[PDB]
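Data first, discussion second: the structure below is written as structure tokens.
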Amino acid sequence: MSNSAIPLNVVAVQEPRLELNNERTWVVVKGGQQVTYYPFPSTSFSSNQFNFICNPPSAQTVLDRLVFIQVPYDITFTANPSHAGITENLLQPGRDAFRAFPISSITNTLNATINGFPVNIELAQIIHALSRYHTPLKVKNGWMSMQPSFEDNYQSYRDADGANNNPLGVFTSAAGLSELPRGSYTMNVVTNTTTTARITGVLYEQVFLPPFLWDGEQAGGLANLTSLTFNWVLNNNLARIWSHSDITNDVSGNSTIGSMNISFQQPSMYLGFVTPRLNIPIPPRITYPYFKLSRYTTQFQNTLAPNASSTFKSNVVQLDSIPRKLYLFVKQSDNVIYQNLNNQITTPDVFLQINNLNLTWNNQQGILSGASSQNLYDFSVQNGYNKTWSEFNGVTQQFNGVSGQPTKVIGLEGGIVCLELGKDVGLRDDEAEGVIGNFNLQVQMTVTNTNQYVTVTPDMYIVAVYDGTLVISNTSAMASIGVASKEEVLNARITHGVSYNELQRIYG
Amino acid sequence: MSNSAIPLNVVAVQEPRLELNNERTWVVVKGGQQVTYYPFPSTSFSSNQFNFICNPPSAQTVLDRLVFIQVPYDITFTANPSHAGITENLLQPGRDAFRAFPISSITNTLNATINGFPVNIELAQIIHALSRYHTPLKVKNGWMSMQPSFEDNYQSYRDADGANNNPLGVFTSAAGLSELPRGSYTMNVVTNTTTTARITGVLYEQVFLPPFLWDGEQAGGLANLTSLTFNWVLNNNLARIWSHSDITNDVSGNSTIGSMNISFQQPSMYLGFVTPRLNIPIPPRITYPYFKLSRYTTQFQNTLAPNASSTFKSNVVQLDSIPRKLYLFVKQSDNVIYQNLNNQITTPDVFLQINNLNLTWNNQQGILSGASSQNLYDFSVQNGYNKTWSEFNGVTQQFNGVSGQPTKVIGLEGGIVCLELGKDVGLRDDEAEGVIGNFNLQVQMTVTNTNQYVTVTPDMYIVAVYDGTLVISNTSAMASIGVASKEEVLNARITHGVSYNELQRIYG
Amino acid sequence: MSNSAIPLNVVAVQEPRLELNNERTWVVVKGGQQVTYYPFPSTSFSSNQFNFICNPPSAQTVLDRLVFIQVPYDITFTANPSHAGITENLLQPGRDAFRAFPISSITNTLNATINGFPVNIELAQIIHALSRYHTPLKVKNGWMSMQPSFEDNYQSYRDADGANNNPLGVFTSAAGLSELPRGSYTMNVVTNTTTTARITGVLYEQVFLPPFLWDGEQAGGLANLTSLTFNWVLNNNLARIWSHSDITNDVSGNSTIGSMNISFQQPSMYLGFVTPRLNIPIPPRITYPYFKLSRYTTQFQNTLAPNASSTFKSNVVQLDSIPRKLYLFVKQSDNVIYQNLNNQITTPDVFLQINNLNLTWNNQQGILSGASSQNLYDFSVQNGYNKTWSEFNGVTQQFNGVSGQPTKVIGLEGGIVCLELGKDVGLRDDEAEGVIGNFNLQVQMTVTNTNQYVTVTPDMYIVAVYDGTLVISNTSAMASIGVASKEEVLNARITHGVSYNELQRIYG
Amino acid sequence: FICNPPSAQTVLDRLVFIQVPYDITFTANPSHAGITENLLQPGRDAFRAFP
């Protein structure tokens with residue numbers, strides 16, 4: 001073992017088939033009596049907003065972390081003059097089902113308040129970008145399963161048809177043990193005929209936003225609470241619920257659908273209070289890890305079309321502590337596409353293809369000054385991108401064998417680049433993930449439009465996410481955002497106790 | 001770090017791109033010399049039952065856990081009178097296959113014995129429930145691979161044709177890197193015509209039993225046995241092996257296929273016997289974990305069709321130990337569907353969707369009642385259920401273009417629950433999962449038949465599993481269940497050292 | 001206690017739902033300042049060979065391990081007389097793509113000298129068999145996604161279309177969240193008509209060989225080089241880079257395609273150097289792991305068609321030391337398939353099916369003699385083979401319903417049996433996977449041809465990874481095999497601390 | 052009907068009932084036909100109890 005260059009300690013291991021002797025230990029798994037599910041109905045729900053107020057039955061019963069809300073709906077579509085003619089029923093087999101995920105993609109903001117202190121997300125904007133990280137296949141089949149979940153891979157629905165991974169298709173055509181397309185999801189059709197269609201059935205969505213979870217892995221649930229309350233509020237159009245594919249759109253211009261009407265009925269909310277065993281006691285005061293996500297958008301001009309390039313820069317945005325990570329991407333601008341039921345229904349949620357990023361921390365100019373666009377797709381994947389290199393930089397050259405119509409090109413969805421802040425960006429001496437505060441950040445990346453058909457006005461985004469502890473001791477909830485001392489983030493002993501692979505799990 | 005509401009300890013770990021220093025030892029992996037595999041041919045195989053006896057090469061051998069049996073078969077179908085025609089070829093491309101898993105669904109029971117003490121899980125029924133449960137896609141493409149294993153997901157084959165996820169499809173049409181359909185299994189067809197078919201082949205099955213694992217993890221193999229012996233008994237019906245879609249049959253319940261005859265030849269099992277290094281000694285008395293499964297059933301003789309709901313009580317059952325975990329699924333009941341070749345060959349293995357399951361403990365009444373079928377699906381995907389929410393509570397719409405024939409619904413698959421008691425049942429203090437004191441349960445559950453065409457008569461199953469240690473020593477095998485004493489569950493010190501996500505991989 | 005003498009220890013773990021006390025420690029993640037990536041364009045790249053010279057900035061700046069090289073390319077074709085004609089575009093919708101992975105398959109060898117001492121791995125023949133091995137579904141969509149990736153299942157491209165997993169096909173037809181067929185990759189198509197076609201893109205390639213990677217699973221990167229240099233040499237033929245399917249070509253028959261010219265444009269590597277922070281200091285000399293990939297090959301004069309079997313009887317190859325792993329397969333021979341192009345493009349890379357393997361490793365002289373050909377597959381899969389058993393030993397029955405054309409069999413690739421040395425082959429006591437000695441092995445295996453059309457002329461392969469540590473201390477790089485000694489290997493005390501799946505990860 | 056108690060300090064009285072407005076259309080099959088009496092008959096027609 002020694003005798004080669006440096007000497008090294010020697011150790012031996014056992015091929016797994018035979019331990020055989022090692023100390024065997026019998027382990028009993030304790031769990032407090034009375035795990036029960038209590039469904040609260042909504043107090044004071046409205047078309048554009050819902051409200052709940054749920055009290056854990058008693059102080060000292062731990063409430064688990066996964067929660068969700070089921071909301072029954074309805075819809076009616078109507079044929080409009082004068083799309084040149086309509087033959088056949090408005091809804092088609094492979095043409096249309098919900099956007100993914102339907103309820104939250106309409107939500108403006110979701111605020112929840114716990115033990116008297118409020119904690120909010122901004123759901124409408126974050127989710128599609130947040131959704132690609134970092135669901136392994138196993139976990140897209142996990143809890144994700146409840147709402148429709150197939151992310152829109154295609155840059156314009158029209159071209160999707162008629163394909164095997166067409167994002168909105170019938171349950172058949174899914175290949176065995178995979179993600180089923182959005183059109184698989186079930187609901188009644190009261191009636192469906194030319195000139196009119198009515199449809200109805202109850203659909204679930206998970207509450208997102210920390211400390212509530214939506215992933216593989218469980219964790220210790222909040223207790224001891226005295227209050228809770230979950231206020232939604234949904235942005236005003238409500239046409240973004242449904243999807244469409246423009247193949248069926250009339251040749252000159254117009255659509256079959258305009259216009260549509262959406263309901264909701266009282267929606268319940270499902271949570272689970274687990275009281276614990278008398279003998280084992282639970283601390284008087286206790287601390288949970290809580291993240292806190294923010295968005296910053298900046299629209300740019302002029303629009304680029306049909307597939308040309310340009311550059312964009314952002315004004316300096318100053319933050320209060322290094323965020324855990326920072327997402328970036330360039331979406332088709334919202335100010336456009338909120339015209340018309342038609343546009344809102346037809347258009348997909350995919351980004352524009354980043355051909356190079358250059359960003360700058362205060363006092364460092366040109367981080368990743370000349371990093372391969374492709375090399376950006378290298379990390380993450382490292383933080384969990386989970387979609388082939390072809391999705392990233394999406395354009396697929398597909399050719400046809402006949403004389404002599406030229407071969408058509410498909411836009412395939414741009415990328416969303418995420419750099420973990422301490423690890424990938426690089427960071428000065430005596431600074432760390434939750435230290436405070438006040439550094440400036442400015443990012444100038446360049447984008448190519450890929451989408452063939454439409455002239456796309458663009459827009460940039462940034463997302464931050466902050467590491468933060470939150471102590472909740474009944475009755476109150478002080479949550480601090482700078483939890484590490486500058487002089488104690490320098491000179492902390494290192495440790496090979498925990499592998500950095502382990503931290504990859506605890507996420508939000 | 002401190003300066004929080006509570007002071008917390010600090011440690012620093014580095015990003016993985018540079019460790020870079022630590023004490024990195026070299027490591028020799030030393031497992032015993034002389035591995036080998038024998039092919040024991042079965043003395044006294046008949047048409048009803050197979051039976052082998054296998055003794056280890058000698059003392060000082062550790063038999064490895066993975067065991068499997070291979071068995072050359074032969075089948076002749078014959079066209080029946082007088083559905084004719086009958087035009088075209090008996091057997092079609094994506095209409096016929098084996099049923100998955102074949103030689104396991106036919107066999108009644110599989111008793112083996114170690115050192116004189118007989119362990120034995122009866123196979124029929126149980127396999128179909130367990131198969132779905134613990135396997136993910138990485139495991140499925142491992143050993144599980146040998147037998148046909150694309151488990152049925154269409155309420156009836158009739159509609160199944162011909163989507164890219166048809167359970168009995170040809171190997172072409174299964175996406176790359178997914179579960180392939182049952183018609184991909186090599187069998188060589190000496191002839192296929194109208195009025196005649198004959199197929200020769202050999203097929204592998206994985207002995208399923210408590211001691212053996214059938215999943216990829218490998219753990220110490222049974223040392224140190226002197227004798228071993230297997231025993232399979234096949235049900236006399238034996239036509240259950242083949243599966244065959246409805247579509248071709250007609251005009252009215254006339255199926256082409258009736259009736260075939262199946263023979264077998266000379267089945268042989270394979271065991272792998274390692275012998276450990278002479279230097280390193282193995283203890284004279286070892287203790288393995290040993291799980292014991294046993295299914296209780298009550299069939300009620302009522303019918304419901306095609307989509308009505310109702311409810312039934314499973315009926316009292318007394319027990320001495322609380323099981324580790326318990327499954328509960330209402331399936332289509334076999335007293336019907338065994339008469340006629342017709343029913344026997346074409347009816348798929350799926351179960352009925354559940355609306356609400358409500359269990360009652362001993363004197364509890366009780367319990368877990370108020371949990372939406374939606375919430376019932378949360379646990380488990382937590383112990384690994386591996387299907388979407390779509391397949392569970394399975395019934396899905398399909399849209400229909402052209403005017404004005406109505407859109408048609410498609411039944412998908414049944415939902416099969418499972419709740420490890422301590423984790424999901426809730427339990428009175430002093431009662432770990434696997435002690436011994438007297439208590440009894442009954443389970444009542446509402447259910448709906450979702451399949452579209454046949455009157456289906458239900459029944460129930462409750463499959464419990466008990467934990468205990470089986471101590472193998474030379475020469476004998478004591479088995480103990482309820483190894484903990486009731487006083488001992490109180491006053492057992494909690495260890496943070498072990499974690500719960502580990503115990504999911506120790507199953508089971 | 002107790003109750004299972006020998007009585008065992010009892011520890012009680014908590015439910016995952018509730019802890020709720022244990023040491024919550026805030027973990028400051030820290031990695032040194034200023035990561036940066038720089039693209040190294042080659043000077044003296046030529047169409048036949050190309051080579052880059054790229055040192056790190058200084059000593060004491062850790063160099064990352066994943067490196068990759070992108071190469072812009074230009075290809076034109078010409079219509080081949082006298083199959084003509086010949087209607088339709090040369091290229092076809094799903095009859096043509098890149099062979100995967102392209103750059104490596106065409107390149108004869110590749111040498112990357114570290115800190116002055118050269119390390120090289122013939123790349124042309126090794127990669128195809130090593131590829132199938134260590135890649136899960138997660139990783140296939142991870143880094144490796146960058147080049148065309150989808151591997152060959154069918155034995156003759158001719159048959160496969162139109163199949164949902166036919167390896168060359170447009171993006172549509174590929175189901176969601178899976179390995180996509182090689183057609184979907186990008187290439188600007190400038191002109192395509194009968195009698196010509198011109199195409200150009202920029203295609204990526206990971207550099208392969210140790211210490212670089214690969215499966216990430218990122219690890220401690222190389223520090224501290226002073227110089228680093230890469231050369232590739234590319235086989236003269238160069239036509240091997242394209243694919244094609246036999247279906248298009250004429251009956252006799254001539255191929256529609258011959259001939260074609262390929263070029264390159266500046267092609268450039270990409271590698272990023274972190275630099276460490278002032279607080280934490282990195283050692284003067286550090287030791288990495290490192291493996292080498294030998295290849296030994298022997299070919300036989302006897303041919304066998306269309307689907308008959310025989311045996312060999314491999315030439316004795318003598319091995320320098322016990323090697324970590326061995327892969328041994330029988331492929332179609334390289335002597336043929338380098339003449340006349342048509343076959344050279346048409347032929348796929350799949351192996352032949354193994355019926356019995358029996359090899360004389362260490363005076364045992366019978367090894368795996370009587371182990372069922374199925375059994376090898378399973379034991380190998382314990383090493384990650386990631387392909388369903390059906391495809392290993394590939395031959396598949398597919399029948400039809402038209403009276404009365406005979407059913408046809410498809411050839412489906414063979415397997416590549418691999419056997420880790422301590423775990424599978426067994427070793428005389430006193431032998432470990434590192435230890436230097438002098439022994440030689442001679443394989444002896446039967447093989448059956450499966451593909452229906454061509455007369456295969458077979459040949460053997462045997463690949464092995466040696467194990468040893470390499471120590472980089474500027475400016476030096478002594479590498480050593482056989483680091484542990486024989487007196488040392490025996491007597492080495494075994495740990496229970498580290499386990500075995502850990503030793504599964506550090507593969508390279 | 053998902054309804055919430057007003058204060059949770061107010062006892063809820065035990066008798067509860069619902070009311071459903073409803074609408075039926077009858078029509079005659081041919082044959083039996085015909086038929087010459089009103090499709091609803093003075094003494095031969097009612098709701099089943101309790102409907």
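Protein sequence lines correspond, in order, to chains E, F, G and A. Going by the entry's author numbering, the first residue of the first sequence is number 1, and it counts up by one from there. Going by the entry's author numbering, the first residue of the second sequence is number 1, and it counts up by one from there. Going by the entry's author numbering, the first residue of the third sequence is number 1, and it counts up by one from there. Going by the entry's author numbering, the first residue of the fourth sequence is number 52, and it counts up by one from there. We put the CB at the ideal spot given by N, CA and C, even for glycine.
Asked	Found
Out of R24(G), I53(G), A84(G), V11(G), which has the shortest C-alpha to C-alpha gap to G253(G)?	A84(G)
Looking at C-alpha atoms only, which residue of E420(E), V402(E), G404(E), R428(E) is the closest neighbour of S380(E)?	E420(E)
Provide the residue span of the beta strand (DSSP E) that contains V62(G), from first to last.	No beta strand (DSSP E) holds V62(G); DSSP gives it neither H nor E.
Which runs of the beta strand (DSSP E) spanning at least 3 residues fall entirely within the segment 365-446 of chain F, listed in chain order?	395-398, 408-411, 417-420
Assess, as a yes-or-no matter, whether the segment 123-131 of chain E is touched by the segment 451-468 of chain E under the definition of 3 or more beta carbon pairs within less than 8 Å.	yes
Counting only Cβ-Cβ distances shorter than 7 Å, please list the residues of the segment 416-433 of chain F near chain E, keeping chain order.	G422, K423, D424, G426, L427, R428, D429, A432, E433
Taking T229(E) as the query, report the chain A residues whose CB atoms sit under 8 Å from its CB, ordered along the chain.	Simply none; closest approach about 15 Å.
Can you give, in chain order, each stretch of the beta strand (DSSP E) that sits fully within the segment 252-309 of chain E and has at least 3 residues?	261-264, 269-274, 286-289, 292-298
Taking the alpha-carbon of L271(F) as reference, which of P284(F), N302(F), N236(F), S227(F) has the nearest alpha-carbon?	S227(F)
With respect to the alpha helix (DSSP H) encompassing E502(E), which residues constitute its N-terminal and C-terminal limits?	500-503
Any Cβ of chain E within less than 8 Å of the Cβ of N55(A)?	yes
Check whether chain F comes within 8 Å of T186(E), counting only Cβ atoms and requiring the distance to be less than that.	yes
Please go through the same chain and pick out, in chain order, the residues whose beta-carbon is closer than 8 Å to the beta-carbon of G366(E), but skip the five residues on each side of it.	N358, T360
Counting only beta-carbon separations shorter than 8 Å, does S149(E) have a partner in chain G?	no
Helix, strand or coil for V483(F) per DSSP?	coil
Short of 8 Å Cβ to Cβ, which residues in the segment 24-52 of chain E face chain F?	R24, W26, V27, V28, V29, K30, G31, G32, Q33, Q34, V35, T36, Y37, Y38, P39
CA-CA distance, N3(F) and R285(E)?	16 Å
Which term fits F117(F), buried or exposed, when burial requires 16 or more other beta carbons within 10 angstroms of its beta carbon?	exposed
Hey, would you say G32(G) sits closer than 8 Å to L18(F), going by beta carbons?	yes
With three or more C-beta pairs closer than 8 Å as the rule, is the segment 133-146 of chain E touching the segment 144-164 of chain G?	no
Going by DSSP in three states, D159(F) sits in which element: helix, strand or coil?	helix
Count the other CB atoms within 10 Å of the CB of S390(E); is the residue buried (16 or more) or exposed (fewer)?	buried
Would you mind reading off the limits of the alpha helix (DSSP H) that contains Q344(G)?	342-346
With 8 Å set as the bound, which would you pick, yes or no: does the beta-carbon of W242(E) sit closer than that to a beta-carbon of chain F?	no
Within 8 Å (strictly less), CB to CB, does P276(G) reach chain F?	yes
Check the Cβ of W143(E) against every Cβ in chain G and list those closer than 8 Å, keeping chain order.	Near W143(E) there are no residues of chain G at all, since even the closest Cβ is about 15 Å away, more than 8 Å.
Return helix, strand or coil for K313(G), following the three-state DSSP convention.	strand
Quick one: is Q266(E) near chain A, going by C-beta distance under 8 Å?	yes
Kindly indicate the opening and closing residues of the alpha helix (DSSP H) around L357(G).	Counting along the chain, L357(G) falls outside any alpha helix (DSSP H), though it belongs to the beta strand (DSSP E) covering 353-359.
List in chain order: all unbroken beta strand (DSSP E) runs of 3+ residues lying wholly within the segment 153-234 of chain E.	188-193, 196-200, 203-206, 228-234
Taking Cβ to Cβ, would you say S156(F) is nearer than 8 Å to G411(F)?	yes
Find the nearest neighbour of residue 592(E) within the set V11(F), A5(F), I6(F), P7(F), judged by alpha-carbon distance.	Here chain E has residues from 1 to 508 only, and residue 592(E) is not among them.
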